[PDB]
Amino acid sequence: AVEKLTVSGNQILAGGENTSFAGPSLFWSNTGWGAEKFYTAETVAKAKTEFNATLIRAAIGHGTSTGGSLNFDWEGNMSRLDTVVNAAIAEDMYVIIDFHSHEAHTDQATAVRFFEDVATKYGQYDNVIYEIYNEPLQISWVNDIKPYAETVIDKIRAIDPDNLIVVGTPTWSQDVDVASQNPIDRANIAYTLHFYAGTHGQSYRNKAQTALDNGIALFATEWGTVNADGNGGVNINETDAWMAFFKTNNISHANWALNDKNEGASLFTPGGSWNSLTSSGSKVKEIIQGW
């Protein structure tokens, strides 16, 4: 079993203690996107045996115009999610169930269908963390994200009242400072912080510091060692600064991405696996093992 997660002030506690976790985020689960082969019990087990990962993020694709997402292949994506959630439970790992969207607030009925379904099927496990809106775009925290979040949080809680729910923030989950000015009044809510080391430096870390100062807890559900588009070289200086910032604030995180697509963010070289890591995979392996 894993320890139950709760929020106290700007800290996420596990079993009442200050600590944090690290693991990999799987790439989009979308049919046709090439990462379907990683949504397996074998892959979840390997994240643990190879990297000593304590969590895994299932990025379930959503989008009315996004090919192979939940709007096109509900069954395929939901079956991949089920396999990963059950494996995480079997491996004593946390599983972040991510509604991987950039438009959740405009396709609310689908978001509610997804969350009521996951709360019903997996809510009883303390391993389950709900990430309700991956990356809102340049929208309003108070008028667009917050109302959607309150609605979804309440729908999940009528089924599964106990859990940690992580809510996306404006501008690809960078505006945690804006969200911190008007937090959501519900128990155990944390806010999403996303960054790519090759593009987001100190000023982005300053925004996160403002959020912590304002009293909200952060969860870096997605971050990369390369540039923001998921490619380019590994920026060790910035990666190390962000990791130190997370370590000294008990901020948990998931690296993008356990995949083999031909781009720098992939943990594996194309067609490769755990024995053939990319420059990013090599750095991530050390970070997760030393967490």
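Note that residue numbering begins at 1 and tracks the sequence as displayed.
Exercise for review: Take the C-alpha B-factors listed in the entry for 21 to 29 and for 263 to 271, compute each mean, and give the stretch with the larger one.
Suggested key: According to the PDB entry, the answer is 263 to 271.
Exercise for review: Between 233 to 241 and 219 to 227, name whichever shows the higher mean Cα B factor according to the PDB entry.
Suggested key: The entry gives the higher C-alpha B-factor average to 233 to 241.
Review point. Among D98, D213, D160, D175, which carries the highest Cα B-factor?
Key: Comparing C-alpha B-factors across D98, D213, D160, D175, the top value belongs to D213.
Review point. Highest Cα B-factor in the deposition, which of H62, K46, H253, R57?
Key: Largest recorded C-alpha B-factor: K46.
Exercise for review: Could you tell me which third, lowest, middle or highest, the C-alpha B-factor of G168 occupies within its chain?
Suggested key: Lowest third of the chain for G168's C-alpha B-factor.
Point to revise | B-factor third for the C-alpha atom of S279 within its chain | key: As the PDB entry reports it, the C-alpha B-factor of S279 lands in the lowest third of its chain.
**Study point:** Lowest, middle or highest third - CA B-factor, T151
**Key:** CA B-factor rank for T151: lowest third.
Point to revise | CA B-factor placement of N134, once the chain's modelled residues are sorted into thirds | key: For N134, whose C-alpha B-factor we compare with every modelled residue in the chain, the answer is the lowest third.
Exercise for review: Could you say whether, by C-alpha temperature factor, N143 belongs to the lowest, middle or highest third of its chain?
Suggested key: Its C-alpha B-factor belongs to the highest third of this chain's values.
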